[PDB]
Amino acid sequence: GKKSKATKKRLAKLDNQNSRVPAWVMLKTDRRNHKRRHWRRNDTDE
Amino acid sequence: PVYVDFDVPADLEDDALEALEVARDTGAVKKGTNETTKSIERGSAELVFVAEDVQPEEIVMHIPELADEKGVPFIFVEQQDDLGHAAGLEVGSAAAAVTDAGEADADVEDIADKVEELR
Amino acid sequence: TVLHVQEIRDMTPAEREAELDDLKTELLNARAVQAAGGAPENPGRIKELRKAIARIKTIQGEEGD
Amino acid sequence: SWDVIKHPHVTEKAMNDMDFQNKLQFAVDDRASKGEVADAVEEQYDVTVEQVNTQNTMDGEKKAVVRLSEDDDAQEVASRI
Amino acid sequence: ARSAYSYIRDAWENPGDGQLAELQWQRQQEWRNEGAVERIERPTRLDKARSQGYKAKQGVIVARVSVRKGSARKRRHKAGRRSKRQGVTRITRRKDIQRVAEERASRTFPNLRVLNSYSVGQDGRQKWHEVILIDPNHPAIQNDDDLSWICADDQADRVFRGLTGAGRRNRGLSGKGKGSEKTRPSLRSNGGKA
RNA sequence: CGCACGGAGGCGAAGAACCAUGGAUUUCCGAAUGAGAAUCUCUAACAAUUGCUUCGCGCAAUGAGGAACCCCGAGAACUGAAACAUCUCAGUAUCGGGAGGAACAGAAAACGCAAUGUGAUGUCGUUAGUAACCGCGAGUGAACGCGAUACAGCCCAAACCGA
Ligand SMILES: [Cl-]
Ligand SMILES: [Cl-]
Ligand SMILES: [K+]
Ligand SMILES: [Mg+2]
Ligand SMILES: [Mg+2]
Ligand SMILES: [Mg+2]
Ligand SMILES: [Mg+2]
Ligand SMILES: [Mg+2]
Ligand SMILES: [Mg+2]
Ligand SMILES: [Mg+2]
Ligand SMILES: [Mg+2]
Ligand code: NA
Ligand code: NA
Ligand code: NA
Ligand code: NA
Ligand code: NA
Ligand code: NA
Ligand code: NA
Ligand code: NA
Ligand code: NA
Ligand code: NA
């Protein structure tokens, strides 16, 4: 398939949202990324 | 056109409008269909003018038959704004009535006599 | 912090423009060091660089350039 | 208003183009054209730009590969800031 | 003495007799060839217009509107219905043709507001009315002690809410006593029973 | 130096943080209005419909949103009647259009305790499950008056004037 410039910006964001909760946040809050998505198991929009 | 039953020659109309102008300066004239109407009704009208390019026609239909049952003489005019300019207005008038002429009582009588012949 | 409001208003409609492009350049060179994962960072400075530009721009608007 | 040049793209591939091909890589604004990228580079570094190549990366940004002339030296420029 | 206006009125008591009869025969021919909403420079019935609110002034508009004659243009039921609700032919709408014309006119002039309207006749298959509209934004009207009220916010879209003259009558608000128990102060408040 | 108790560093007596009011900034799509498009692109733009008019988009208007309330139109059936068609559920559900901070109504071609009487309109209590409707079945169902709340009355068309 052919992705447009806008479509590309969105996939790009979703990929970034896929990162983990940084180690330093666990300490600052004295102790989970509920939006962890998988390319195969999950399904993005569009 | 429905209320018009005879055509008045351009030359006659010219005479009529000329006399009306000197009538506004010497004698007295009524400008407007309403004022023209009460003139015929009260009798003070000597010669009444009626434009031909009136739309709606209802504004003037009543004049012809009214003038007939009051002995008042009447004449037609091609354009509404010519009658208004003659009566001395920045706008036109659907009808005008000479309420007692002046310096033209002679001409008025002639035009009146001329029209009766024109039917 | 190192740049105060009074000091900005004391500038002329040209000095602020020069000072603007100056700050913008310091910022760019900071983000250049950051882009290369540079360690001589001063988190408070780069932060202040952004606010200063905002202040100068804010004053420019008030003063009519 | 948006600024054309965001920051220098410093990766191993970006260093090869620099040492071997006299090219400087930049992360720029995705509204900027090749022509607007060249101009900004010359005004921010005082060098002569020959060719620019762009890519709309999967990071929401635009990557520009600016090639300097033989008159200038890429390694010397990037090493100053 | 009788006003010149009283003559326009009298002719219209009998639109089928006299000169008005011949006039109407002629006019309608051009009317049938016109649109649904035609802005016109001068009202066909001066006396009625002025009586309703009309004024030869800036911001005062008039438009002739034709609507089809007859009952409702209803579609037959497509699902289950008891005999009482299977009708098509004898069903008529609760809004009258004059109020329909008023609406189609107000939509053509989205900035103006309906003042009133009157009938100018009909042929074998359509009816014509002339609506009087007013520009609430023109300062000539905003300083008119007779028409300024139609500038207030609560007068916005007045026709679509039945605040027009023909509107209030169709809503059965004429009578103040007997027979008006379910109509005043509103149809909706009385559970829709008129 | 947010939630958020880390690390590094920074800011504050040039009175910061924090709060109140006013202002600056305010990307793209969106009524979305130059034209097209799954938030982007292509070469100046109130697009469209209107009013006024210097007849030039020159001055203006409309559009869409809002928890319900409000007003004007369109209008079911399950159900009840121990079946069912009128009736009932109900002018309800739902649909189209529109206004406001509230809407609508409103200064008698009224009432009709018939009077030598009342005196704009809403609303609350009552009148009253009374009058009236109805396969006179099941069911349906007011008002005048009264006690209260709050109170406020006015402008045109025309006559006679005629710029
Ligand atoms: Cl309206
Ligand atoms: Cl009483
Ligand atoms: K039923
Ligand atoms: Mg990754
Ligand atoms: Mg390419
Ligand atoms: Mg109410
Ligand atoms: Mg567009
Ligand atoms: Mg049953
Ligand atoms: Mg019922
Ligand atoms: Mg039975
Ligand atoms: Mg009663
Ligand atoms: Na997938
Ligand atoms: Na980046
Ligand atoms: Na309108
Ligand atoms: Na009824
Ligand atoms: Na803002
Ligand atoms: Na506009
Ligand atoms: Na224009
Ligand atoms: Na049953
Ligand atoms: Na059954
Ligand atoms: Na029945």
# chains A, B, ... in the order shown; residues from 1 in each chain; ligands from 1
$ residues_around --residues "residue E:135" --least-positions-apart "4" --cutoff "10 Å" --atoms "only C-alpha atoms (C1' of nucleotides)" --output "PyMOL selection string"
(chain E and resi 58-61+109-114+139-142+150-151) or (chain F and resi 50-52+61)
$ residues_near_ligand --ligand "ligand 12" --cutoff "10 Å" --atoms "only C-alpha atoms (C1' of nucleotides) and all ligand atoms" --output "list in words"
residues 37, 38, 39, 40, 41, 42, 43, 44 and 45 of chain A
$ write_last_selection --atoms "N, CA and C atoms" --output "compact mmCIF listing (two decimals), in the first residue's frame"
# COMPACT_ATOMS: atom_id res chain seq x y z
N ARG A 37 1.28 -1.57 22.13
CA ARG A 37 0.67 -2.19 20.97
C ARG A 37 1.67 -3.04 20.18
N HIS A 38 1.17 -4.13 19.59
CA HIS A 38 2.00 -5.03 18.80
C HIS A 38 1.48 -5.00 17.36
N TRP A 39 2.41 -4.98 16.41
CA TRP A 39 2.06 -4.94 14.99
C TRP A 39 1.14 -6.08 14.54
N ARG A 40 1.41 -7.28 15.07
CA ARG A 40 0.67 -8.49 14.75
C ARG A 40 -0.58 -8.70 15.60
N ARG A 41 -0.39 -8.74 16.91
CA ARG A 41 -1.49 -8.95 17.86
C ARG A 41 -2.52 -7.83 17.89
N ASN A 42 -2.05 -6.59 17.76
CA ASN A 42 -2.96 -5.46 17.76
C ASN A 42 -3.31 -4.94 16.37
N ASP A 43 -4.15 -3.92 16.34
CA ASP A 43 -4.62 -3.33 15.09
C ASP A 43 -4.76 -1.81 15.25
N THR A 44 -3.90 -1.06 14.57
CA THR A 44 -3.95 0.41 14.60
C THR A 44 -5.20 0.82 13.82
N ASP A 45 -5.52 2.11 13.78
CA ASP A 45 -6.69 2.54 13.02
C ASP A 45 -6.45 2.66 11.51
$ residues_near_ligand --ligand "ligand 3" --cutoff "10 Å" --atoms "only C-alpha atoms (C1' of nucleotides) and all ligand atoms" --output "number ranges by chain"
E: 81-85; F: 76-80, 84-85, 87-89
$ residues_around --residues "residue F:132" --least-positions-apart "4" --cutoff "12 Å" --atoms "only C-alpha atoms (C1' of nucleotides)" --output "ChimeraX atom specification"
/F:140-143
$ write_last_selection --atoms "N, CA, C and O atoms (P, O5', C5', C4', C3', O3' and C1' of nucleotides)" --output "PDB file, in the first residue's frame"
ATOM      1  P     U F 140     -58.375   6.708  31.628  1.00  0.00           P
ATOM      2  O5'   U F 140     -58.874   7.830  30.618  1.00  0.00           O
ATOM      3  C5'   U F 140     -58.321   7.920  29.303  1.00  0.00           C
ATOM      4  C4'   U F 140     -59.080   8.926  28.482  1.00  0.00           C
ATOM      5  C3'   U F 140     -59.111  10.347  29.009  1.00  0.00           C
ATOM      6  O3'   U F 140     -57.905  11.028  28.719  1.00  0.00           O
ATOM      7  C1'   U F 140     -61.264   9.741  28.276  1.00  0.00           C
ATOM      8  P     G F 141     -57.344  12.121  29.745  1.00  0.00           P
ATOM      9  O5'   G F 141     -58.547  13.145  29.910  1.00  0.00           O
ATOM     10  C5'   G F 141     -58.786  14.142  28.913  1.00  0.00           C
ATOM     11  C4'   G F 141     -59.924  15.035  29.328  1.00  0.00           C
ATOM     12  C3'   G F 141     -59.790  15.714  30.678  1.00  0.00           C
ATOM     13  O3'   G F 141     -58.993  16.886  30.584  1.00  0.00           O
ATOM     14  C1'   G F 141     -61.918  14.741  30.509  1.00  0.00           C
ATOM     15  P     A F 142     -58.363  17.544  31.916  1.00  0.00           P
ATOM     16  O5'   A F 142     -59.564  18.404  32.513  1.00  0.00           O
ATOM     17  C5'   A F 142     -59.459  19.834  32.668  1.00  0.00           C
ATOM     18  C4'   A F 142     -60.026  20.524  31.454  1.00  0.00           C
ATOM     19  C3'   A F 142     -60.418  21.982  31.633  1.00  0.00           C
ATOM     20  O3'   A F 142     -59.309  22.846  31.472  1.00  0.00           O
ATOM     21  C1'   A F 142     -62.183  20.831  30.592  1.00  0.00           C
ATOM     22  P     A F 143     -58.990  23.943  32.593  1.00  0.00           P
ATOM     23  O5'   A F 143     -60.081  25.078  32.335  1.00  0.00           O
ATOM     24  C5'   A F 143     -60.285  25.625  31.024  1.00  0.00           C
ATOM     25  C4'   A F 143     -61.646  26.288  30.926  1.00  0.00           C
ATOM     26  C3'   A F 143     -61.977  27.363  31.952  1.00  0.00           C
ATOM     27  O3'   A F 143     -61.478  28.634  31.571  1.00  0.00           O
ATOM     28  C1'   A F 143     -63.785  25.869  31.788  1.00  0.00           C
TER      29        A F 143
END
$ select_by_dssp --residues "chain D" --states "strand (DSSP E or B)" --output "VMD selection string"
chain D and resid 5 to 8 23 to 28 49 to 56 62 to 68
$ write_last_selection --atoms "N, CA and C atoms" --output "mmCIF file, in the first residue's frame"
data_model
loop_
_atom_site.group_PDB
_atom_site.id
_atom_site.type_symbol
_atom_site.label_atom_id
_atom_site.label_comp_id
_atom_site.auth_asym_id
_atom_site.auth_seq_id
_atom_site.Cartn_x
_atom_site.Cartn_y
_atom_site.Cartn_z
ATOM 1 N N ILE D 5 15.998 25.139 9.883
ATOM 2 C CA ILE D 5 16.894 24.160 10.470
ATOM 3 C C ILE D 5 16.610 23.926 11.951
ATOM 4 N N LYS D 6 16.341 22.674 12.312
ATOM 5 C CA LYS D 6 16.078 22.312 13.703
ATOM 6 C C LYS D 6 17.395 21.986 14.411
ATOM 7 N N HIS D 7 18.098 20.973 13.906
ATOM 8 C CA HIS D 7 19.374 20.539 14.481
ATOM 9 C C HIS D 7 20.134 19.563 13.563
ATOM 10 N N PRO D 8 21.448 19.410 13.785
ATOM 11 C CA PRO D 8 22.309 18.519 13.005
ATOM 12 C C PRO D 8 22.028 17.058 13.319
ATOM 13 N N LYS D 23 29.343 16.046 2.860
ATOM 14 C CA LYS D 23 27.925 16.284 3.094
ATOM 15 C C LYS D 23 27.615 16.432 4.578
ATOM 16 N N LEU D 24 26.710 17.351 4.889
ATOM 17 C CA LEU D 24 26.268 17.573 6.259
ATOM 18 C C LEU D 24 24.799 17.183 6.299
ATOM 19 N N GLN D 25 24.418 16.389 7.294
ATOM 20 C CA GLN D 25 23.026 15.969 7.433
ATOM 21 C C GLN D 25 22.314 16.786 8.507
ATOM 22 N N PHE D 26 21.069 17.152 8.218
ATOM 23 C CA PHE D 26 20.255 17.948 9.127
ATOM 24 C C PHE D 26 18.836 17.433 9.297
ATOM 25 N N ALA D 27 18.262 17.767 10.446
ATOM 26 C CA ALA D 27 16.884 17.427 10.758
ATOM 27 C C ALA D 27 16.201 18.775 10.564
ATOM 28 N N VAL D 28 15.353 18.882 9.543
ATOM 29 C CA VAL D 28 14.665 20.145 9.253
ATOM 30 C C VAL D 28 13.144 20.081 9.381
ATOM 31 N N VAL D 49 26.422 25.712 -1.115
ATOM 32 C CA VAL D 49 25.667 24.482 -1.270
ATOM 33 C C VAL D 49 25.514 24.119 -2.732
ATOM 34 N N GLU D 50 25.778 22.854 -3.029
ATOM 35 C CA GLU D 50 25.680 22.344 -4.382
ATOM 36 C C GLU D 50 24.391 21.546 -4.611
ATOM 37 N N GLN D 51 24.129 20.583 -3.733
ATOM 38 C CA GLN D 51 22.955 19.732 -3.866
ATOM 39 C C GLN D 51 22.352 19.372 -2.518
ATOM 40 N N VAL D 52 21.028 19.222 -2.507
ATOM 41 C CA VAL D 52 20.280 18.848 -1.307
ATOM 42 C C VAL D 52 19.377 17.657 -1.650
ATOM 43 N N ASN D 53 19.225 16.741 -0.698
ATOM 44 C CA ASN D 53 18.372 15.568 -0.881
ATOM 45 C C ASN D 53 17.528 15.433 0.374
ATOM 46 N N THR D 54 16.235 15.164 0.198
ATOM 47 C CA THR D 54 15.316 15.042 1.329
ATOM 48 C C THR D 54 14.600 13.707 1.479
ATOM 49 N N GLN D 55 14.181 13.455 2.713
ATOM 50 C CA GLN D 55 13.471 12.244 3.096
ATOM 51 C C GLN D 55 12.524 12.608 4.238
ATOM 52 N N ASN D 56 11.291 12.110 4.160
ATOM 53 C CA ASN D 56 10.304 12.336 5.215
ATOM 54 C C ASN D 56 10.338 11.115 6.131
ATOM 55 N N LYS D 62 11.656 15.808 8.720
ATOM 56 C CA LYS D 62 12.314 15.750 7.412
ATOM 57 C C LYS D 62 13.847 15.753 7.532
ATOM 58 N N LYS D 63 14.491 14.817 6.845
ATOM 59 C CA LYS D 63 15.944 14.715 6.866
ATOM 60 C C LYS D 63 16.512 15.260 5.567
ATOM 61 N N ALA D 64 17.441 16.206 5.682
ATOM 62 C CA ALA D 64 18.082 16.814 4.517
ATOM 63 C C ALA D 64 19.585 16.527 4.483
ATOM 64 N N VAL D 65 20.043 16.016 3.345
ATOM 65 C CA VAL D 65 21.451 15.696 3.148
ATOM 66 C C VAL D 65 22.063 16.760 2.242
ATOM 67 N N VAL D 66 22.596 17.801 2.876
ATOM 68 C CA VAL D 66 23.213 18.942 2.191
ATOM 69 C C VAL D 66 24.688 18.723 1.814
ATOM 70 N N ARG D 67 24.957 18.758 0.508
ATOM 71 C CA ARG D 67 26.296 18.562 -0.042
ATOM 72 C C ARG D 67 27.010 19.895 -0.254
ATOM 73 N N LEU D 68 28.159 20.048 0.401
ATOM 74 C CA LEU D 68 28.967 21.259 0.292
ATOM 75 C C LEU D 68 29.865 21.163 -0.938
#
$ residues_around --residues "stretch 39-43 of chain C" --least-positions-apart "3" --cutoff "12 Å" --atoms "only C-alpha atoms (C1' of nucleotides)" --output "VMD selection string"
(chain C and resid 27 29 to 36 46 to 50) or (chain F and resid 1 8 to 11)
$ write_last_selection --atoms "C-alpha atoms (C1' of nucleotides)" --output "PDB file, in the first residue's frame"
ATOM      1  CA  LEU C  27      20.062  27.757  21.399  1.00  0.00           C
ATOM      2  CA  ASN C  29      24.370  25.315  19.158  1.00  0.00           C
ATOM      3  CA  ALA C  30      23.038  23.888  22.423  1.00  0.00           C
ATOM      4  CA  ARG C  31      20.632  21.610  20.559  1.00  0.00           C
ATOM      5  CA  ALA C  32      23.562  20.683  18.299  1.00  0.00           C
ATOM      6  CA  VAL C  33      25.581  19.483  21.282  1.00  0.00           C
ATOM      7  CA  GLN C  34      22.435  17.756  22.571  1.00  0.00           C
ATOM      8  CA  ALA C  35      21.931  16.153  19.135  1.00  0.00           C
ATOM      9  CA  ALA C  36      25.404  14.633  19.512  1.00  0.00           C
ATOM     10  CA  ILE C  46      18.730  25.742  27.555  1.00  0.00           C
ATOM     11  CA  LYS C  47      15.436  26.228  29.393  1.00  0.00           C
ATOM     12  CA  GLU C  48      16.266  29.882  30.070  1.00  0.00           C
ATOM     13  CA  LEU C  49      17.232  30.350  26.416  1.00  0.00           C
ATOM     14  CA  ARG C  50      13.657  29.627  25.339  1.00  0.00           C
TER      15      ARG C  50
ATOM     16  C1'   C F   1      10.974  23.763  39.081  1.00  0.00           C
ATOM     17  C1'   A F   8      21.743  16.158  36.852  1.00  0.00           C
ATOM     18  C1'   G F   9      21.185  21.023  36.905  1.00  0.00           C
ATOM     19  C1'   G F  10      18.523  25.556  37.521  1.00  0.00           C
ATOM     20  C1'   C F  11      15.348  29.733  39.574  1.00  0.00           C
TER      21        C F  11
END
$ residues_near_ligand --ligand "ligand 4" --cutoff "12 Å" --atoms "only C-alpha atoms (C1' of nucleotides) and all ligand atoms" --output "PyMOL selection string"
(chain A and resi 12-20) or (chain D and resi 58-59)
$ closest_atom_pairs --of "chain E" --to "ligand 6" --cutoff "8 Å" --atoms "only C-alpha atoms and all ligand atoms" --output "tab-separated table"
residue	atom	partner	partner_atom_place_in_ligand_line	distance
E:185	CA	ligand 6	1 (Mg)	6.4
E:186	CA	ligand 6	1 (Mg)	7.3
E:189	CA	ligand 6	1 (Mg)	6.0
$ write_last_selection --atoms "C-alpha atoms" --output "tab-separated table (two decimals), in the first residue's frame"
chain	number	residue	atom	x	y	z
E	185	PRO	CA	-50.24	30.23	25.82
E	186	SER	CA	-48.92	27.66	23.31
E	189	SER	CA	-47.49	23.43	26.45
$ interface_residues --of "chain E" --to "chain F" --cutoff "8 Å" --atoms "only C-alpha atoms (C1' of nucleotides)" --output "PyMOL selection string"
chain E and resi 1+3+50-53+58-59+83+95+108-112+135+137-138+146+154-158+160-162+176-177+181+184-186+188+191-193
$ closest_atom_pairs --of "chain F" --to "ligand 18" --cutoff "10 Å" --atoms "only C-alpha atoms (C1' of nucleotides) and all ligand atoms" --output "tab-separated table"
residue	atom	partner	partner_atom_place_in_ligand_line	distance
F:53	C1'	ligand 18	1 (Na)	8.5
F:55	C1'	ligand 18	1 (Na)	7.4
F:56	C1'	ligand 18	1 (Na)	5.8
F:57	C1'	ligand 18	1 (Na)	3.6
F:58	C1'	ligand 18	1 (Na)	6.6
F:59	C1'	ligand 18	1 (Na)	9.3
$ atom_distance --atom1 "atom CA of residue E:89" --atom2 "atom CA of residue E:123"
21.6 Å
$ select_by_dssp --residues "chain B" --states "helix (DSSP H, G or I)" --output "PyMOL selection string"
chain B and resi 10-25+33-42+57-59+62-68+80-86+105-117
$ residues_near_ligand --ligand "ligand 16" --cutoff "12 Å" --atoms "only C-alpha atoms (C1' of nucleotides) and all ligand atoms" --output "PDB file with C-alpha atoms (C1' of nucleotides), in the first residue's frame"
ATOM      1  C1'   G F  23      -3.058  41.576  27.977  1.00  0.00           C
ATOM      2  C1'   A F  24       0.651  38.761  24.351  1.00  0.00           C
ATOM      3  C1'   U F  25       1.208  34.521  21.835  1.00  0.00           C
ATOM      4  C1'   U F  26      -2.424  30.905  19.956  1.00  0.00           C
TER       5        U F  26
END
$ residues_around --residues "stretch 8-15 of chain E" --least-positions-apart "3" --cutoff "8 Å" --atoms "only C-alpha atoms (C1' of nucleotides)" --output "JSON, numbers by chain"
{"B": [58, 59], "E": [4, 5, 18, 20, 21, 24, 45, 46, 47, 48, 121]}
$ residues_near_ligand --ligand "ligand 21" --cutoff "9 Å" --atoms "only C-alpha atoms (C1' of nucleotides) and all ligand atoms" --output "ChimeraX atom specification"
/F:86-87,133-137
$ write_last_selection --atoms "N, CA, C and O atoms (P, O5', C5', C4', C3', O3' and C1' of nucleotides)" --output "PDB file, in the first residue's frame"
ATOM      1  P     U F  86     -59.327   1.260  14.098  1.00  0.00           P
ATOM      2  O5'   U F  86     -60.284   2.377  14.707  1.00  0.00           O
ATOM      3  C5'   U F  86     -61.201   3.109  13.874  1.00  0.00           C
ATOM      4  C4'   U F  86     -62.303   3.713  14.714  1.00  0.00           C
ATOM      5  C3'   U F  86     -61.870   4.441  15.976  1.00  0.00           C
ATOM      6  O3'   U F  86     -61.367   5.748  15.725  1.00  0.00           O
ATOM      7  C1'   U F  86     -63.781   3.125  16.429  1.00  0.00           C
ATOM      8  P     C F  87     -60.236   6.371  16.690  1.00  0.00           P
ATOM      9  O5'   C F  87     -60.668   5.950  18.159  1.00  0.00           O
ATOM     10  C5'   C F  87     -61.725   6.624  18.849  1.00  0.00           C
ATOM     11  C4'   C F  87     -61.856   6.067  20.238  1.00  0.00           C
ATOM     12  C3'   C F  87     -60.576   6.083  21.054  1.00  0.00           C
ATOM     13  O3'   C F  87     -60.342   7.353  21.644  1.00  0.00           O
ATOM     14  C1'   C F  87     -61.567   3.959  21.224  1.00  0.00           C
ATOM     15  P     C F 133     -71.871  14.374  25.738  1.00  0.00           P
ATOM     16  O5'   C F 133     -70.574  13.718  25.066  1.00  0.00           O
ATOM     17  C5'   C F 133     -69.843  14.380  24.004  1.00  0.00           C
ATOM     18  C4'   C F 133     -68.514  13.692  23.758  1.00  0.00           C
ATOM     19  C3'   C F 133     -68.576  12.210  23.416  1.00  0.00           C
ATOM     20  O3'   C F 133     -68.768  12.031  22.022  1.00  0.00           O
ATOM     21  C1'   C F 133     -66.922  12.579  25.069  1.00  0.00           C
ATOM     22  P     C F 134     -69.836  10.970  21.498  1.00  0.00           P
ATOM     23  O5'   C F 134     -69.242   9.558  21.934  1.00  0.00           O
ATOM     24  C5'   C F 134     -67.997   9.078  21.413  1.00  0.00           C
ATOM     25  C4'   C F 134     -67.531   7.881  22.197  1.00  0.00           C
ATOM     26  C3'   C F 134     -68.539   6.759  22.342  1.00  0.00           C
ATOM     27  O3'   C F 134     -68.496   5.933  21.197  1.00  0.00           O
ATOM     28  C1'   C F 134     -67.487   7.170  24.420  1.00  0.00           C
ATOM     29  P     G F 135     -69.819   5.196  20.700  1.00  0.00           P
ATOM     30  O5'   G F 135     -69.843   3.855  21.553  1.00  0.00           O
ATOM     31  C5'   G F 135     -68.757   2.921  21.502  1.00  0.00           C
ATOM     32  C4'   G F 135     -69.148   1.717  20.682  1.00  0.00           C
ATOM     33  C3'   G F 135     -70.261   0.842  21.238  1.00  0.00           C
ATOM     34  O3'   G F 135     -71.547   1.386  20.911  1.00  0.00           O
ATOM     35  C1'   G F 135     -68.475  -0.508  20.437  1.00  0.00           C
ATOM     36  P     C F 136     -72.858   0.919  21.724  1.00  0.00           P
ATOM     37  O5'   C F 136     -72.629   1.454  23.196  1.00  0.00           O
ATOM     38  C5'   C F 136     -72.515   2.849  23.459  1.00  0.00           C
ATOM     39  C4'   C F 136     -72.269   3.069  24.925  1.00  0.00           C
ATOM     40  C3'   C F 136     -73.479   2.887  25.827  1.00  0.00           C
ATOM     41  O3'   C F 136     -73.009   2.508  27.117  1.00  0.00           O
ATOM     42  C1'   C F 136     -72.739   5.114  25.942  1.00  0.00           C
ATOM     43  P     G F 137     -73.433   1.091  27.747  1.00  0.00           P
ATOM     44  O5'   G F 137     -72.089   0.225  27.692  1.00  0.00           O
ATOM     45  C5'   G F 137     -70.858   0.712  28.296  1.00  0.00           C
ATOM     46  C4'   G F 137     -69.746  -0.317  28.164  1.00  0.00           C
ATOM     47  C3'   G F 137     -68.444   0.031  28.873  1.00  0.00           C
ATOM     48  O3'   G F 137     -68.487  -0.347  30.248  1.00  0.00           O
ATOM     49  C1'   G F 137     -67.959  -0.658  26.666  1.00  0.00           C
TER      50        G F 137
END
$ residues_around --residues "residue C:23" --least-positions-apart "3" --cutoff "8 Å" --atoms "only C-alpha atoms (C1' of nucleotides)" --output "list in words"
residues 19, 20, 26, 27, 49, 52 and 53 of chain C
$ write_last_selection --atoms "N, CA, C and O atoms" --output "compact mmCIF listing (two decimals), in the first residue's frame"
# COMPACT_ATOMS: atom_id res chain seq x y z
N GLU C 19 19.98 40.93 19.54
CA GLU C 19 20.00 40.08 20.73
C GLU C 19 19.15 38.82 20.51
O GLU C 19 19.42 37.77 21.10
N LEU C 20 18.14 38.95 19.66
CA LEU C 20 17.25 37.85 19.33
C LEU C 20 18.01 36.79 18.55
O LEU C 20 18.13 35.64 19.00
N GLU C 26 22.63 30.68 20.06
CA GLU C 26 23.17 29.96 21.22
C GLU C 26 22.35 28.68 21.39
O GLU C 26 22.91 27.59 21.58
N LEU C 27 21.04 28.84 21.28
CA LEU C 27 20.06 27.76 21.40
C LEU C 27 20.36 26.63 20.41
O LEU C 27 20.45 25.46 20.79
N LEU C 49 17.06 29.84 27.77
CA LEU C 49 17.23 30.35 26.42
C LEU C 49 15.89 30.53 25.72
O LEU C 49 15.67 31.52 25.01
N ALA C 52 13.85 33.53 27.42
CA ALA C 52 14.42 34.83 27.07
C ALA C 52 13.87 35.28 25.72
O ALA C 52 13.40 36.41 25.59
N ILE C 53 13.88 34.39 24.74
CA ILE C 53 13.37 34.69 23.40
C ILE C 53 11.90 35.08 23.48
O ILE C 53 11.43 35.96 22.75
$ residues_around --residues "residue C:12" --least-positions-apart "4" --cutoff "10 Å" --atoms "only C-alpha atoms (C1' of nucleotides)" --output "VMD selection string"
chain C and resid 8 16 to 18 60 63 65
$ decode --residues "stretch 31-54 of chain D" --atoms "C-alpha atoms" --output "PDB file, in the first residue's frame"
ATOM      1  CA  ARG D  31       7.288  22.331   5.264  1.00  0.00           C
ATOM      2  CA  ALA D  32      10.724  23.370   3.969  1.00  0.00           C
ATOM      3  CA  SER D  33      11.706  22.674   0.363  1.00  0.00           C
ATOM      4  CA  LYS D  34      15.156  21.745  -0.918  1.00  0.00           C
ATOM      5  CA  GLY D  35      15.644  25.354  -2.014  1.00  0.00           C
ATOM      6  CA  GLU D  36      14.684  26.793   1.375  1.00  0.00           C
ATOM      7  CA  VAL D  37      17.011  24.276   3.036  1.00  0.00           C
ATOM      8  CA  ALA D  38      20.029  25.261   0.931  1.00  0.00           C
ATOM      9  CA  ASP D  39      19.563  28.967   1.578  1.00  0.00           C
ATOM     10  CA  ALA D  40      19.277  28.561   5.352  1.00  0.00           C
ATOM     11  CA  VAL D  41      22.403  26.391   5.455  1.00  0.00           C
ATOM     12  CA  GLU D  42      24.483  28.987   3.602  1.00  0.00           C
ATOM     13  CA  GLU D  43      23.249  31.812   5.837  1.00  0.00           C
ATOM     14  CA  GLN D  44      23.927  29.874   9.037  1.00  0.00           C
ATOM     15  CA  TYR D  45      27.398  28.619   8.119  1.00  0.00           C
ATOM     16  CA  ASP D  46      28.638  30.748   5.218  1.00  0.00           C
ATOM     17  CA  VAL D  47      29.418  27.989   2.714  1.00  0.00           C
ATOM     18  CA  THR D  48      28.376  27.082  -0.814  1.00  0.00           C
ATOM     19  CA  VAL D  49      25.667  24.482  -1.270  1.00  0.00           C
ATOM     20  CA  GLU D  50      25.680  22.344  -4.382  1.00  0.00           C
ATOM     21  CA  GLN D  51      22.955  19.732  -3.866  1.00  0.00           C
ATOM     22  CA  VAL D  52      20.280  18.848  -1.307  1.00  0.00           C
ATOM     23  CA  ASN D  53      18.372  15.568  -0.881  1.00  0.00           C
ATOM     24  CA  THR D  54      15.316  15.042   1.329  1.00  0.00           C
TER      25      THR D  54
END
